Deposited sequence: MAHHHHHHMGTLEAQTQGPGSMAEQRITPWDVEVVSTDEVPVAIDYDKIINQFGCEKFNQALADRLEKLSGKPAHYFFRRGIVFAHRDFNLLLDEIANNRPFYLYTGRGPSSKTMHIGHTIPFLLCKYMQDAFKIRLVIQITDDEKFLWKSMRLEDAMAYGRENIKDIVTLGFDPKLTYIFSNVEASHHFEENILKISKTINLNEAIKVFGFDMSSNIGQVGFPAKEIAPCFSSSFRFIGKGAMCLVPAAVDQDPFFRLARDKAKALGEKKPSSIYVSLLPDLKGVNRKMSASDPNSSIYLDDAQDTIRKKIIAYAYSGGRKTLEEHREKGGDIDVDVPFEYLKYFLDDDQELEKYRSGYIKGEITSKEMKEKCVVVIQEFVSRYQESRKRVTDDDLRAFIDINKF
């Protein structure tokens, strides 16, 4: 229930007026995420759209927390949204890899969290962001470049707030408690040398990242910075239709994919996982529409739905692996270089 999720976090409901505006402003149709309700919520997107209308530049900011097995396809969603956004407005993108957060939260040696951090970057670079417009960084290694901001953010946030907003308690470690300043800092242009002096930030994130951003927004004025704007993506469910072997991984083979879908995909179009997967990955609106119409009229079977989902997901992973196989460890360096 998406209205209840919006109510709990207290952000705004996304709407199609905002998609039209974005389409109008980009001279190209809004990415289908905005059209299919995958982007369902926001804070101040209108204001970021106003920034584009006034031909002022904005920049994107998103993050990823390590915890490596291979990444699955659900993990690509905000990053795809950033790719489209970068390619539409040829704008800069900063990606935070939270090796520190994963270390501080999970039972994990730091070297491993950092090691997973690097693979996640290789995996993320795969989606083909512009190296001249994208800065991806490890927190452990590189959040000190905006140390001043971290301190400044940290000073404005008392434990009272930290607890209420994040649910810390007497057993939270003092790293966890300090960490939100490191997630908030990249929300401000002053955090990066390579970004214009008062560029607005746009933060595409799982809705569940919101508290960082309501908070960042509350402290912006006190810090003399522009309020970031944010947009939220629904989370792709696993194939059973929920949140192990029923996720679709980025290193799954073509046959592994056809297996997982035929076996586990729950098959009434509001409950149908194969359609839902299609909502997220099938490029063609006229095509997707055929299947929504088709299943609804009973002119298409669950067998056919599964199988169209199969080939679409197969087209996606195959594109991904074709690029992945070619990401050299040299290529990784262009993205993490600050200088």
| Got a list of the deposited-sequence ranges with no coordinates? | 1-44, 288-294, 319-332, 405-406
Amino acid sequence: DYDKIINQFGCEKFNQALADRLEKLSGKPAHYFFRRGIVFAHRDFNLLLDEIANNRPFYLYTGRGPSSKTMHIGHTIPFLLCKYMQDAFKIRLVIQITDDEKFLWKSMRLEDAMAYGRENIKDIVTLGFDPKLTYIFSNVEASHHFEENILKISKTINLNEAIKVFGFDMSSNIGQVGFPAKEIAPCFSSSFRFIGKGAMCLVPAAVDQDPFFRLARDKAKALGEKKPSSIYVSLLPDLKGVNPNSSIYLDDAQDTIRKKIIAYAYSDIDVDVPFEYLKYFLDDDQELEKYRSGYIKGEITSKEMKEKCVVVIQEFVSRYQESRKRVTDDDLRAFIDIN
From here on, numbers count along this sequence of modelled residues.
| query | Should the higher mean CA B-factor in the entry be assigned to 126-134 or to 256-264? | reply | 256-264
| request: Between 67-75 and 97-105, point out the one with the higher average CA B-factor as the PDB entry records it. | output: 67-75
| Between 82, 206, 151, 242, which carries the biggest CA temperature factor in the record? | 242
| query | Between 60, 39, 273, 53, which one tops the list for C-alpha B-factor in the PDB entry? | reply | 273
| If you rank the chain by CA B-factor, which third does residue 278 end up in: lowest, middle or highest? | middle
| said: Considering every modelled residue of the chain and its Cα B-factor in the PDB entry, is residue 300 in the lowest, middle or highest third? | reply: highest
| field | Position of residue 183 among the chain's modelled residues by C-alpha B-factor, lowest, middle or highest third | value | lowest
| query | How does residue 18 rank on Cα B-factor within its chain, lowest, middle or highest third? | reply | lowest
| Among the chain's modelled residues, which third holds the C-alpha B-factor of residue 200? | middle
